[PDB]
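K.L.:
This is the content of start-v8.tsv (TSV, C-alpha atoms):
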```
chain	number	residue	atom	x	y	z
J	1	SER	CA	2.63	2.21	-23.26
J	2	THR	CA	0.67	0.39	-20.54
J	3	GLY	CA	1.13	-2.40	-18.05
J	4	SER	CA	-1.09	-4.58	-15.88
J	5	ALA	CA	-0.32	-7.03	-13.09
J	6	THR	CA	-2.37	-9.11	-10.66
J	7	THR	CA	-1.93	-8.33	-6.96
J	8	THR	CA	-2.66	-11.13	-4.48
J	9	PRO	CA	-3.29	-11.22	-0.70
J	10	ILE	CA	-0.33	-12.68	1.19
J	11	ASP	CA	-2.58	-14.57	3.63
J	12	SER	CA	-6.18	-15.39	4.52
J	13	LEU	CA	-6.60	-12.00	6.25
J	14	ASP	CA	-5.47	-9.70	3.40
J	15	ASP	CA	-2.64	-8.52	5.67
J	16	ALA	CA	-0.87	-7.17	2.56
J	17	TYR	CA	-0.79	-7.69	-1.21
J	18	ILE	CA	2.12	-8.85	-3.38
J	19	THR	CA	2.59	-8.19	-7.10
J	20	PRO	CA	5.23	-9.99	-9.22
J	21	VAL	CA	7.98	-7.77	-10.64
J	22	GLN	CA	10.71	-8.71	-13.13
J	23	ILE	CA	14.17	-7.33	-12.32
J	24	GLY	CA	17.37	-7.68	-14.31
J	25	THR	CA	18.51	-9.67	-17.32
J	26	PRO	CA	17.65	-12.47	-17.51
J	27	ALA	CA	14.57	-11.62	-15.45
J	28	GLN	CA	14.50	-12.33	-11.71
J	29	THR	CA	10.91	-12.35	-10.49
J	30	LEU	CA	10.31	-11.00	-6.97
J	31	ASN	CA	6.94	-10.53	-5.27
J	32	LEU	CA	6.83	-6.91	-4.13
J	33	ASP	CA	4.49	-4.96	-1.87
J	34	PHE	CA	3.26	-2.05	-4.01
J	35	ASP	CA	3.16	0.81	-1.52
J	36	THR	CA	1.55	4.16	-2.30
J	37	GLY	CA	2.79	5.38	1.12
J	38	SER	CA	6.51	5.18	0.34
J	39	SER	CA	8.89	5.87	-2.50
J	40	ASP	CA	11.71	3.29	-2.47
J	41	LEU	CA	11.90	0.14	-4.57
J	42	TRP	CA	13.88	-2.15	-2.26
J	43	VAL	CA	14.50	-5.89	-2.36
J	44	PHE	CA	15.85	-8.84	-0.45
J	45	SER	CA	19.13	-9.66	-2.17
J	46	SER	CA	22.27	-11.78	-2.35
J	47	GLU	CA	23.73	-9.02	-0.12
J	48	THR	CA	21.20	-9.36	2.69
J	49	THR	CA	22.66	-10.70	5.93
J	50	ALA	CA	22.09	-14.45	5.66
J	51	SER	CA	20.40	-14.85	9.04
J	52	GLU	CA	17.89	-12.15	8.04
J	53	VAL	CA	16.61	-14.07	4.99
J	54	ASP	CA	13.98	-16.73	5.78
J	55	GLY	CA	12.24	-17.96	2.65
J	56	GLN	CA	12.20	-14.73	0.64
J	57	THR	CA	13.23	-14.69	-2.99
J	58	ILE	CA	16.39	-12.67	-3.49
J	59	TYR	CA	17.68	-10.40	-6.25
J	60	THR	CA	21.26	-11.26	-7.22
J	61	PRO	CA	22.70	-8.25	-9.11
J	62	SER	CA	25.87	-10.15	-10.09
J	63	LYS	CA	23.68	-12.45	-12.21
J	64	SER	CA	22.00	-9.54	-14.07
J	65	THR	CA	23.89	-8.37	-17.17
J	66	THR	CA	22.06	-4.99	-17.05
J	67	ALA	CA	22.71	-4.31	-13.34
J	68	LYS	CA	25.12	-1.48	-12.52
J	69	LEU	CA	26.19	-0.51	-9.02
J	70	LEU	CA	25.20	3.09	-8.34
J	71	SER	CA	28.51	4.24	-6.95
J	72	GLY	CA	28.43	5.65	-3.44
J	73	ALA	CA	24.63	5.46	-3.10
J	74	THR	CA	22.95	4.05	0.02
J	75	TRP	CA	19.45	3.93	1.43
J	76	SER	CA	17.84	3.50	4.83
J	77	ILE	CA	14.22	3.48	5.97
J	78	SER	CA	13.39	3.69	9.67
J	79	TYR	CA	10.25	2.29	11.30
J	80	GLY	CA	8.26	4.11	13.98
J	81	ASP	CA	8.88	1.27	16.41
J	82	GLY	CA	11.02	-1.42	14.75
J	83	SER	CA	14.62	-0.91	13.57
J	84	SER	CA	15.31	-0.26	9.86
J	85	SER	CA	16.07	-1.76	6.47
J	86	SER	CA	19.04	-0.41	4.55
J	87	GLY	CA	21.57	-1.22	1.85
J	88	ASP	CA	23.16	-0.18	-1.42
J	89	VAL	CA	21.73	0.65	-4.84
J	90	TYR	CA	21.90	-0.71	-8.37
J	91	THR	CA	20.31	0.45	-11.58
J	92	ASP	CA	18.64	-2.29	-13.59
J	93	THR	CA	15.72	-3.01	-15.88
J	94	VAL	CA	12.41	-3.40	-14.02
J	95	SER	CA	9.16	-4.52	-15.66
J	96	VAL	CA	5.64	-4.87	-14.33
J	97	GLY	CA	3.49	-6.81	-16.77
J	98	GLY	CA	5.91	-6.00	-19.54
J	99	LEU	CA	5.72	-2.26	-18.74
J	100	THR	CA	9.50	-1.70	-18.71
J	101	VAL	CA	11.74	0.92	-17.11
J	102	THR	CA	15.44	0.81	-17.88
J	103	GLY	CA	17.79	2.33	-15.33
J	104	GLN	CA	15.41	2.01	-12.38
J	105	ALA	CA	17.08	2.37	-8.99
J	106	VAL	CA	16.79	-1.04	-7.30
J	107	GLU	CA	17.69	-0.72	-3.62
J	108	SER	CA	19.45	-3.89	-2.44
J	109	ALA	CA	19.01	-4.67	1.25
J	110	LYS	CA	22.07	-5.45	3.31
J	111	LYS	CA	19.98	-5.46	6.52
J	112	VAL	CA	16.24	-5.77	7.08
J	113	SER	CA	14.23	-5.40	10.26
J	114	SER	CA	12.85	-8.46	12.02
J	115	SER	CA	9.27	-8.09	10.76
J	116	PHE	CA	10.52	-8.43	7.18
J	117	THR	CA	12.60	-11.52	7.93
J	118	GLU	CA	9.57	-13.02	9.65
J	119	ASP	CA	7.31	-12.53	6.62
J	120	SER	CA	8.46	-15.00	3.96
J	121	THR	CA	5.81	-13.80	1.46
J	122	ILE	CA	7.20	-10.28	0.79
J	123	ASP	CA	10.42	-9.98	-1.24
J	124	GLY	CA	10.54	-6.19	-0.98
J	125	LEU	CA	8.61	-3.00	-1.64
J	126	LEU	CA	7.78	-0.99	-4.74
J	127	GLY	CA	7.08	2.58	-3.66
J	128	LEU	CA	4.42	4.60	-5.48
J	129	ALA	CA	4.34	7.75	-3.36
J	130	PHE	CA	6.02	10.90	-4.64
J	131	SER	CA	9.73	10.81	-5.41
J	132	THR	CA	10.48	13.51	-2.79
J	133	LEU	CA	10.28	10.74	-0.16
J	134	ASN	CA	12.88	8.48	-1.77
J	135	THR	CA	15.64	7.82	0.73
J	136	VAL	CA	18.63	7.22	-1.56
J	137	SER	CA	21.64	9.31	-0.58
J	138	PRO	CA	23.47	11.35	-1.67
J	139	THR	CA	21.48	11.34	-4.96
J	140	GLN	CA	17.72	10.85	-4.52
J	141	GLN	CA	16.19	8.39	-7.02
J	142	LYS	CA	12.86	8.26	-8.85
J	143	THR	CA	10.02	5.79	-8.33
J	144	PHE	CA	9.06	3.22	-10.95
J	145	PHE	CA	5.93	5.22	-11.73
J	146	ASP	CA	7.88	8.47	-12.03
J	147	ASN	CA	10.28	6.84	-14.49
J	148	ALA	CA	7.44	5.26	-16.48
J	149	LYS	CA	5.17	8.33	-16.47
J	150	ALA	CA	6.22	10.02	-19.68
J	151	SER	CA	5.96	6.80	-21.72
J	152	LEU	CA	2.52	5.79	-20.42
J	153	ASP	CA	-0.56	6.49	-22.52
J	154	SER	CA	-1.96	8.45	-19.54
J	155	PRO	CA	0.16	9.42	-16.50
J	156	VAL	CA	-1.90	7.31	-14.13
J	157	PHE	CA	-1.99	4.03	-12.26
J	158	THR	CA	-4.99	2.32	-10.66
J	159	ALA	CA	-5.37	0.06	-7.64
J	160	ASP	CA	-8.17	-2.54	-7.64
J	161	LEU	CA	-7.49	-4.64	-4.53
J	162	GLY	CA	-9.61	-7.70	-3.77
J	163	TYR	CA	-11.19	-8.85	-0.51
J	164	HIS	CA	-9.98	-12.43	0.03
J	165	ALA	CA	-9.19	-12.52	-3.69
J	166	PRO	CA	-6.65	-11.30	-6.26
J	167	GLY	CA	-6.88	-7.80	-7.69
J	168	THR	CA	-5.12	-5.63	-10.29
J	169	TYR	CA	-2.67	-2.76	-10.66
J	170	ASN	CA	-2.91	-1.05	-14.06
J	171	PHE	CA	-0.45	1.56	-15.31
J	172	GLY	CA	-1.26	4.03	-18.05
J	173	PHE	CA	-4.97	3.42	-18.59
J	174	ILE	CA	-8.34	3.29	-16.86
J	175	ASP	CA	-10.25	0.03	-17.24
J	176	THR	CA	-13.78	1.39	-17.44
J	177	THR	CA	-15.18	-2.14	-16.93
J	178	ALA	CA	-13.57	-2.46	-13.49
J	179	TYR	CA	-15.97	-0.20	-11.57
J	180	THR	CA	-19.63	0.76	-11.38
J	181	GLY	CA	-21.03	4.23	-11.89
J	182	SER	CA	-18.60	7.14	-12.19
J	183	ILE	CA	-15.16	7.95	-10.80
J	184	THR	CA	-15.18	10.93	-8.41
J	185	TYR	CA	-11.91	12.83	-8.35
J	186	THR	CA	-10.69	14.71	-5.30
J	187	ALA	CA	-7.81	17.10	-4.68
J	188	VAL	CA	-4.38	15.96	-3.50
J	189	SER	CA	-1.71	17.74	-1.46
J	190	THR	CA	1.77	16.48	-2.29
J	191	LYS	CA	3.60	18.60	0.30
J	192	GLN	CA	4.27	15.64	2.63
J	193	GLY	CA	5.12	13.35	-0.30
J	194	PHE	CA	1.91	11.28	0.05
J	195	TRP	CA	-1.32	10.89	-1.90
J	196	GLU	CA	-2.97	13.07	0.74
J	197	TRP	CA	-6.61	14.04	0.34
J	198	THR	CA	-9.71	15.01	2.36
J	199	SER	CA	-12.67	12.69	2.83
J	200	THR	CA	-16.01	14.48	3.16
J	201	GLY	CA	-17.31	12.31	6.03
J	202	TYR	CA	-18.57	8.92	7.14
J	203	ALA	CA	-21.49	6.72	8.13
J	204	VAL	CA	-21.68	3.59	10.28
J	205	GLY	CA	-23.85	0.84	8.85
J	206	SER	CA	-27.20	2.30	7.81
J	207	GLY	CA	-26.78	5.28	10.15
J	208	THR	CA	-26.72	8.99	9.41
J	209	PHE	CA	-23.89	10.26	7.22
J	210	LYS	CA	-21.76	12.72	9.19
J	211	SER	CA	-20.31	15.54	7.07
J	212	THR	CA	-16.83	16.26	8.38
J	213	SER	CA	-13.48	16.83	6.68
J	214	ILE	CA	-11.07	13.92	7.29
J	215	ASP	CA	-7.56	14.55	5.95
J	216	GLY	CA	-5.57	11.41	5.28
J	217	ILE	CA	-3.44	9.43	2.86
J	218	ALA	CA	-4.34	6.72	0.33
J	219	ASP	CA	-1.82	4.03	1.35
J	220	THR	CA	-1.83	0.60	-0.30
J	221	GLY	CA	1.10	-0.30	2.01
J	222	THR	CA	-0.96	-0.07	5.20
J	223	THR	CA	-3.33	-2.90	6.05
J	224	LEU	CA	-5.96	-1.14	8.12
J	225	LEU	CA	-8.11	1.98	8.13
J	226	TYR	CA	-6.79	4.51	10.67
J	227	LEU	CA	-9.17	7.37	11.49
J	228	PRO	CA	-9.80	9.93	14.28
J	229	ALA	CA	-10.81	8.42	17.60
J	230	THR	CA	-14.30	9.99	17.52
J	231	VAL	CA	-15.03	8.25	14.21
J	232	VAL	CA	-13.54	4.96	15.36
J	233	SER	CA	-15.59	4.99	18.57
J	234	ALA	CA	-18.76	5.69	16.61
J	235	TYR	CA	-18.07	2.59	14.52
J	236	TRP	CA	-17.20	0.17	17.32
J	237	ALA	CA	-20.06	1.41	19.50
J	238	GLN	CA	-22.31	-0.47	17.09
J	239	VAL	CA	-20.59	-3.81	17.79
J	240	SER	CA	-21.79	-5.35	21.06
J	241	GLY	CA	-18.80	-6.06	23.26
J	242	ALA	CA	-16.21	-4.21	21.17
J	243	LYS	CA	-13.68	-2.13	23.10
J	244	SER	CA	-10.24	-0.60	22.82
J	245	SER	CA	-7.63	-2.76	24.56
J	246	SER	CA	-4.37	-1.16	25.66
J	247	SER	CA	-2.54	-4.48	25.88
J	248	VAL	CA	-3.62	-5.61	22.41
J	249	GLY	CA	-3.09	-2.10	21.08
J	250	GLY	CA	-6.45	-1.29	19.53
J	251	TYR	CA	-10.09	-2.18	19.25
J	252	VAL	CA	-11.03	-5.84	19.66
J	253	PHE	CA	-14.48	-7.35	19.32
J	254	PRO	CA	-16.13	-10.73	19.98
J	255	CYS	CA	-15.42	-13.02	17.04
J	256	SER	CA	-19.11	-14.01	17.08
J	257	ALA	CA	-20.18	-10.46	16.17
J	258	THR	CA	-21.54	-9.48	12.77
J	259	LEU	CA	-19.84	-6.23	11.80
J	260	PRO	CA	-21.66	-3.26	10.25
J	261	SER	CA	-20.42	-1.63	7.09
J	262	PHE	CA	-18.51	1.67	7.11
J	263	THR	CA	-19.02	4.40	4.50
J	264	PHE	CA	-16.55	7.14	3.65
J	265	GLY	CA	-17.15	10.18	1.46
J	266	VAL	CA	-15.30	11.27	-1.65
J	267	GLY	CA	-16.82	14.58	-2.60
J	268	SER	CA	-20.54	13.85	-2.83
J	269	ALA	CA	-19.89	10.18	-3.61
J	270	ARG	CA	-19.85	7.38	-1.05
J	271	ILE	CA	-17.65	4.29	-0.80
J	272	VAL	CA	-19.13	1.45	1.28
J	273	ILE	CA	-16.78	-0.93	3.09
J	274	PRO	CA	-18.68	-4.15	3.89
J	275	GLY	CA	-18.48	-5.25	7.50
J	276	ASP	CA	-16.68	-8.46	6.61
J	277	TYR	CA	-13.72	-6.37	5.39
J	278	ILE	CA	-13.27	-5.08	8.96
J	279	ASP	CA	-12.68	-8.50	10.57
J	280	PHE	CA	-9.00	-9.33	11.08
J	281	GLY	CA	-9.60	-12.50	13.08
J	282	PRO	CA	-8.49	-13.81	16.46
J	283	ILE	CA	-5.93	-11.74	18.35
J	284	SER	CA	-4.02	-15.00	18.97
J	285	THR	CA	-4.59	-18.53	17.69
J	286	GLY	CA	-7.69	-20.04	19.30
J	287	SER	CA	-8.92	-16.81	20.91
J	288	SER	CA	-12.54	-15.73	20.60
J	289	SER	CA	-11.50	-12.07	20.69
J	290	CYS	CA	-10.96	-10.65	17.19
J	291	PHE	CA	-8.95	-7.67	15.91
J	292	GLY	CA	-10.74	-4.77	14.27
J	293	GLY	CA	-9.90	-3.42	10.85
J	294	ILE	CA	-10.79	0.18	11.74
J	295	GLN	CA	-8.45	1.67	14.34
J	296	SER	CA	-7.62	5.07	15.81
J	297	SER	CA	-4.94	7.22	14.19
J	298	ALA	CA	-4.22	8.90	17.55
J	299	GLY	CA	-0.64	7.72	17.83
J	300	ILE	CA	0.21	8.04	14.13
J	301	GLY	CA	-0.16	11.76	13.45
J	302	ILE	CA	-2.10	11.22	10.23
J	303	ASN	CA	-5.19	9.36	9.09
J	304	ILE	CA	-4.50	6.44	6.78
J	305	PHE	CA	-6.92	5.08	4.17
J	306	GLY	CA	-5.23	1.70	3.99
J	307	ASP	CA	-6.22	-1.53	2.33
J	308	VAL	CA	-9.45	-1.96	4.32
J	309	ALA	CA	-10.75	1.23	2.66
J	310	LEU	CA	-8.99	1.00	-0.68
J	311	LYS	CA	-10.15	-2.55	-1.44
J	312	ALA	CA	-13.76	-1.32	-1.33
J	313	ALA	CA	-13.03	0.96	-4.31
J	314	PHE	CA	-11.46	1.32	-7.70
J	315	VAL	CA	-8.79	3.93	-7.01
J	316	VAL	CA	-7.12	6.17	-9.61
J	317	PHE	CA	-3.76	7.65	-8.69
J	318	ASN	CA	-3.62	10.44	-11.31
J	319	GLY	CA	-0.07	11.71	-11.67
J	320	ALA	CA	-0.87	14.58	-14.04
J	321	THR	CA	0.94	17.88	-13.50
J	322	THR	CA	-1.56	18.60	-10.71
J	323	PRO	CA	-2.14	15.13	-9.20
J	324	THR	CA	-5.62	14.02	-8.14
J	325	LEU	CA	-7.14	10.84	-6.69
J	326	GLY	CA	-10.24	9.12	-8.07
J	327	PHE	CA	-12.59	6.69	-6.32
J	328	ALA	CA	-15.36	4.57	-7.82
J	329	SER	CA	-17.55	1.89	-6.31
J	330	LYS	CA	-17.09	-1.62	-7.68
```
Kindly transcribe the structure held in the file into structure tokens.

P.N.:
Amino acid sequence: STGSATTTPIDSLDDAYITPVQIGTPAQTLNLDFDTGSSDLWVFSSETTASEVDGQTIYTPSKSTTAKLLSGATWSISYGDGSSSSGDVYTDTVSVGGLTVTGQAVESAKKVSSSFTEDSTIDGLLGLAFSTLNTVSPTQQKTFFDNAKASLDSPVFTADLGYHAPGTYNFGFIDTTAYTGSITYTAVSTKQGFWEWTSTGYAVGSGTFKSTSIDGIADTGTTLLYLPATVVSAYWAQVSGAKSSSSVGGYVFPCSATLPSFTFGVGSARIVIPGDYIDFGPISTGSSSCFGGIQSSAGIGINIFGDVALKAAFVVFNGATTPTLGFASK
């Protein structure tokens, strides 16, 4: 089997991408944030504290004839700075573009943190990291991809995110018309539960490519590109007036600037992120100071190849017995 679904930016800045997902019988369609950096499929629901729902579409398990409460099971995900989302667990039928998994664990939120309430465009998350990170207790549950894997024509999914435009998630096949040239595959460490790999280096604009190993994760659930401070300084040095601001919490640059591209290495191949992808707009409405899309990973503990990087590429998440990651230009 295979499935395909269009993923769409939630706003004019590509702050995140939502993909429609059918849950239950009859289907309830929720717009989920497909997240290769986490491993829980969790949703706003009829059980979510009423004052914490503000425009989101909810899953109502009592209206699904295939929903079954997973007895005694709970989940909780904590955020590095902001509270937590948590709840109970059902099993139900989940389909993405008709690709169907029966008995998928669907984590129903009883509480969500404030940032989720405040974002009416995201009805929940569909995790696509490795199932070792799934938070359900006392019985860990499998991701949608893990449950689908054996049925798929190939045990793979691909991310083709758009800049200011819709994109595609495909499961089970490689659309060879979606990229240019060849796909370069690179090794993955699954020990931390992420799609963790090593970039071979970087270049700023038309400058010299610097060969240096950059370990990090391919994370569709993170907006920006987080890299070591030396790399980030080399990039912003090329933007007149750009500087790291402690109060804002990262690099800002004059909105009038024209940003250079940024190139990252995958083996001997090169992925070029156009400068326009690095502009995240005014720090506050009406400001002429803009927020950069490449930021230091210093406080994070890991480098993150988030949407700013991934949307420049066609990305293959190969879940074969030894997983690998593929990148092609597009």

K.L.:
Need the shell around residue 63 in chain J: protein/DNA/RNA residues with any atom at most 12 Å away, counting only C-alpha atoms. Skip same-chain ones fewer than 6 positions apart. Format as a ChimeraX atom specification?

P.N.:
/J:23-28,45-46,92

K.L.:
What does the distance between CA of residue 321 in chain J and CA of residue 304 in chain J come to in Å, to one decimal place?

P.N.:
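Rounded to one decimal, the two atoms are 23.9 Å apart.
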
K.L.:
Which is closest to residue 154 in chain J among J:170, J:297, J:85, J:39, if we use all atoms listed in the file?

P.N.:
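Between J:170, J:297, J:85, J:39, the residue approaching residue 154 in chain J most closely is J:170.
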
K.L.:
Can you list, as a VMD selection string, every protein, DNA or RNA residue that comes within 12 Å of residue 199 in chain J when you count only C-alpha atoms, leaving out same-chain residues fewer than 5 positions away?

P.N.:
chain J and resid 184 to 188 210 to 218 227 263 to 271 303 to 305 309 325 to 327

K.L.:
Around the point (-10.7, -4.6, 19.7) in the file's coordinates, collect all residues with an atom within 9 Å, using all atoms listed in the file, and return them as a PyMOL selection string.

P.N.:
chain J and resi 236+241-245+248-254+283+289-293+295

K.L.:
Of the candidates J:136, J:17, J:230, J:255, which one gets nearest to residue 286 in chain J if we count all atoms listed in the file?

P.N.:
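With all atoms listed in the file as the atom set, the closest residue is J:255.
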
K.L.:
Please list as a ChimeraX atom specification every residue within 7 Å of residue 164 in chain J, counting only C-alpha atoms and excluding residues in the same chain fewer than 6 positions away.

P.N.:
/J:9,12,14

K.L.:
For a test of reading the model, state the distance in Å between CA of residue 74 in chain J and CA of residue 7 in chain J, rounded to one decimal.

P.N.:
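We find that CA of residue 74 in chain J and CA of residue 7 in chain J lie 28.7 Å from each other.
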
K.L.:
Neighbouring residues of residue 168 in chain J were defined as those with any atom within 8 Å, considering all atoms listed in the file; residues of the same chain fewer than 3 positions away were excluded. Please report them as a list in words.

P.N.:
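Near residue 168 in chain J, the qualifying residues are residues 4, 5, 6, 7, 158, 159, 160 and 161 of chain J.
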
K.L.:
From the options J:246, J:148, J:41, J:219, which residue's atoms come nearest to residue 196 in chain J, counting all atoms listed in the file?

P.N.:
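Using all atoms listed in the file, the shortest distance to residue 196 in chain J belongs to J:219.
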
K.L.:
Just to confirm, what's the straight-line distance from CA of residue 193 in chain J to CA of residue 10 in chain J in Å (one decimal)?

P.N.:
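About the pair CA of residue 193 in chain J and CA of residue 10 in chain J: they are 26.6 Å apart.
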
K.L.:
Go through J:112, J:21, J:132, J:55 and flag the residue nearest residue 40 in chain J, using only C-alpha atoms for the distances.

P.N.:
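Looking at the shortest contact to residue 40 in chain J, the residue is J:132.
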
K.L.:
Mind checking which residues fall within 8 Å of residue 134 in chain J, counting all atoms listed in the file, ignoring those fewer than 3 positions away in the same chain, and posting them as a PDB file with C-alpha atoms, keeping the file's coordinate frame?

P.N.:
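Final output, out.pdb:
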```pdb
ATOM      1  CA  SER J  38       6.510   5.180   0.340  1.00  0.00           C
ATOM      2  CA  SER J  39       8.890   5.870  -2.500  1.00  0.00           C
ATOM      3  CA  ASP J  40      11.710   3.290  -2.470  1.00  0.00           C
ATOM      4  CA  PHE J 130       6.020  10.900  -4.640  1.00  0.00           C
ATOM      5  CA  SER J 131       9.730  10.810  -5.410  1.00  0.00           C
ATOM      6  CA  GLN J 140      17.720  10.850  -4.520  1.00  0.00           C
ATOM      7  CA  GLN J 141      16.190   8.390  -7.020  1.00  0.00           C
ATOM      8  CA  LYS J 142      12.860   8.260  -8.850  1.00  0.00           C
ATOM      9  CA  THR J 143      10.020   5.790  -8.330  1.00  0.00           C
TER      10      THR J 143
END
```

K.L.:
Of the candidates J:239, J:152, J:101, J:259, which one gets nearest to residue 280 in chain J if we count all atoms listed in the file?

P.N.:
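Checking each of J:239, J:152, J:101, J:259 against residue 280 in chain J, counting all atoms listed in the file, the winner is J:259.
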